[PDB]
Number of protein chains: 2
Amino acid sequence: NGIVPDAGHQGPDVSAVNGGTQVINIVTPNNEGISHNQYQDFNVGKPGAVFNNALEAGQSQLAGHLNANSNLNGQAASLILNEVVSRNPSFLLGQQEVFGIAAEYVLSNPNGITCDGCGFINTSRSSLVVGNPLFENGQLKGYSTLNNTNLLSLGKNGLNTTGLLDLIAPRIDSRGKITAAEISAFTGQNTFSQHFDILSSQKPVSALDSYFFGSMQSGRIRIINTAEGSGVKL
Amino acid sequence: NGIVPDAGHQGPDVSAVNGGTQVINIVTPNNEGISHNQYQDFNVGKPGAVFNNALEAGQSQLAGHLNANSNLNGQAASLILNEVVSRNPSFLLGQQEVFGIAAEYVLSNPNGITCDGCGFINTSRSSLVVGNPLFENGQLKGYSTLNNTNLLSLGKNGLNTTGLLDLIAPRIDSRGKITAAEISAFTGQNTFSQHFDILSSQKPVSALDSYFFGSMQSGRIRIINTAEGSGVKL
């Protein structure tokens, strides 16, 4: 069970099929179109994971035939927000597919995220956030890496997506090929809007250095480090 | 004589002082405020080079006391555009200072530019272009790296500036520390506006791969490679 949902009302139903592929019946989206899913554990292996964002049955890439997700009161999620609410870090070693209607994807884990040979299928935009989402009366107001020194690690087997990629963490250490339509990496201790505009920054007490090694296969790359005096090493 | 001006009407007066520091009395700016200077050779050594953009006499950092540049019909240049019009590549091994009124700086050399321990003083924005400026009736319309496969090389001793830095070339190979307020690197075979907006791109016949190694000390870095399928290696 790489993925273990929270017991509470934001915990989706998670099932394994076939050779270990996990299928997530995401929770009903709220009025902003956000399916906010909370997890005690979130990890993906080589068999991959499929988020059921379908209004009709059909064939997924990773898990074969799936029925519609009956939680979609007739409207699919615009954003699939996956939040780790425990102290467990996340390891992403396989593909994640949005089955059904293409959507935005976020994984937020303030304990750390490691992606080695991970990928995103049928997402317009995928964001890995070593930090927390911020809510105000059940509405998503943005994300925070404040008071956090943990790491987003990208391994030698890289990260692939046909959509937009955001990489948000106090520090990033990448050693593999990153393939995306566009890459945005934002480092340091920051608050962000819903759309990853930087709203405020802290200076870390000690250096938060990021490393990029390997290749970036994308027509547009932006790296913004707000940690006054810390490095971006290539 | 690292710097050798063109004989023609865009050739500035170039003189050496002291221990080899070269002083460039830039040509009268045109009505758009551009001092367009053409060179048979443009190279800077450890003693540095000073562009006289002063309306009053005073103390330069690199060359001691200088009088005003009498070519400044009472208005300093907004942009100091340095263009190599020969086949000679450029080597920048020391600091370049704008004496007097701060301005934008461009060096365009389609034969190649190598910067090892180079730097820019009193510039708001400095751009190194392995390409040509484009003019239409004596007005600057932008820059081109079309039909060019040459290299902008940045050596192990790096590049320092307190202003904005643009690095424009078919390919870039960097091995040192880049320190700038913001770094924009645009690679591939492109036409650009005056302000380095990309207007059109060619796919090179063979790969134009860029390499970044070493560190980038800047709060904002953007790398855009338009060479469909070529790499950015870090």
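Residues numbered from 1 in each chain as written, not as in the entry; some residues may be left out. Chains lettered and ligands numbered in written order. Heavy atoms only, no water.

Its PDB header names X-ray crystallography as the technique used to obtain the model and reports a resolution of 1.80 Å.

Where the PDB entry is consulted, chain A appears under the name Hemolysin, with the organism given as Proteus mirabilis.

## Some thoughts on the relation of the copies chain B and chain A
The two copies are related by a screw operation: chain B maps onto chain A through 180° of rotation and 0.0 Å of translation along the axis, at an RMSD of 0.0 Å. As the rotation angle and translation indicate, the two copies are arranged about a two-fold axis. Looking at the interface residues of chain B, 100% of them are also at the interface in chain A, so both copies use one shared face. (Least-squares fit on C-alpha atoms. Contact = heavy atoms within 4.5 Å.)

## Notes on the nonpolar core
Grouped burial of nonpolar side chains is what soluble globular proteins tend to show. Ranked by size, the top nonpolar core spans 80 residues in total, and within it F42, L128 and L167 of chain A together with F42, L128 and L167 of chain B carry the most contacts. Beyond its immediate stretch of four places on either side in the chain, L167 of chain A contacts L128, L152, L154, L159, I172, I178, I183, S184, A185 and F186 of chain A. Among the nonpolar cores identified, the runner-up in size contains 12 residues, and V106, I168, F196 and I224 of chain B belong to it. (Core = buried A, V, L, I, M, F, W, Y, C linked by side-chain atoms within 4.5 Å. Buried < 20%, exposed > 50% of the residue type's maximum accessible area, 1.4 Å probe, protein only.)

## A look at the packing of aromatic side chains
All names here are of chain A. Using the criterion set out here, one finds 16 aromatic pairs over all chains in the structure. Ring geometry for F186 and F192: centres 5.7 Å apart, planes at 80°, overall edge-to-face. You can call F186 buried: its relative accessible area is 4%. For the pair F192 and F196, a centre-to-centre distance of 6.0 Å together with 65° between the ring planes defines the contact as edge-to-face. Note on accessibility: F192 and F196 belong to one class, buried. (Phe/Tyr/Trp six-rings, centres within 6.5 Å; stacked < 30°, edge-to-face > 60°.)

## Some thoughts on the interface of chain B and chain A
In this assembly, 15 residues from chain B lie in contact with 15 residues from chain A. Each partner contributes to the roughly 1400 Å² buried at the junction of chain B and chain A, and carbon and sulfur atoms together form 56% of this total. Summed over the shared surface of chain B and chain A, the result is 0 salt bridges. Counting across the interface, chain B meets chain A through 8 residue pairs in polar contact. Secondary-structure elements contributing two or more residues to the side of chain B that touches chain A are β26 (215–217), β27 (221–225) and β28 (232–233) of chain B. Broken down by element, the residue count for the side of chain B that touches chain A peaks at 5 residues, all from β27 of chain B. Along the lines of polarity and charge, the residues of the side of chain B that touches chain A split into 8 nonpolar, 4 polar and 3 charged. Strand direction decides the pairing type here: strand β28 (residues 232–233) of chain A and β26 of chain B, joined by 2 bridges, are antiparallel. Residue pairing for β26 of chain B: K233 of chain A is matched across the bridge by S215 of chain B. (Buried area = accessible area lost by both parts, 1.4 Å probe. Salt bridge = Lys/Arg side-chain N within 4 Å of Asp/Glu carboxyl O. Polar contact = N/O pair within 3.5 Å; in protein donor to acceptor, adjacent residues only side chain to side chain. Helix = DSSP H or I, 4+ residues; strand = E, 2+ residues; numbered from the N terminus. Nonpolar A, V, L, I, M, F, W, Y, C, P; charged D, E, K, R; others polar. Pairing = 2+ DSSP bridges.)

## Digging into the sheet that holds strand β23 (residues 189–192) of chain B
Residues and elements named next belong to chain B. The 4 strands lie next to each other as β15-β16-β23-β24, forming an open sheet whose pairing is antiparallel. Only two strands of the sheet have a single neighbouring strand rather than two, namely β15 (132–136) and β24 (198–202). On average, each strand axis in the sheet is inclined to that of its neighbour by 25°, with strand direction left out of account. As paired strands, β15 and strand β16 (residues 139–144) are joined by 5 bridges and run antiparallel to one another. (Axes fitted to C-alpha atoms, helices over the stretch in contact; angles between N-to-C directions.)

## Observations concerning the pairing of strand β24 (residues 198–202) of chain A
As paired elements, strand β23 (residues 189–192) of chain A and β24 of chain A share 4 bridges and run antiparallel to each other. Considered in β24 of chain A, the bridge of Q189 of chain A is made with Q202 of chain A.

## Some words on the state of the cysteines
Residue and element names in this part refer to chain A. Under the definition given, this model contains 2 disulfides over all chains. The disulfide that involves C115 links it to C118, with 2.1 Å between the sulfurs. Taking the torsion about the sulfur-sulfur bond, which here is approximately -105°, the covalent link between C115 and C118 counts as left-handed. Using a relative accessible area of 0% as the deciding quantity, one classes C115 as buried. When its relative accessible area of 0% is taken as the criterion, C118 is described as buried. (Disulfide = S-S within 2.5 Å.)

## Looking at the pattern of salt bridges
Side chains carrying opposite charge are able to pair once their charged atoms draw close together. Residues and elements named next belong to chain A. Under the defined criterion, the tally for this structure stands at 8 salt bridges over all chains. One salt bridge connects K141 with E136, and the closest N-O pair in it is separated by 3.8 Å. The partly exposed category is assigned to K141, whose relative accessible area is 44%.

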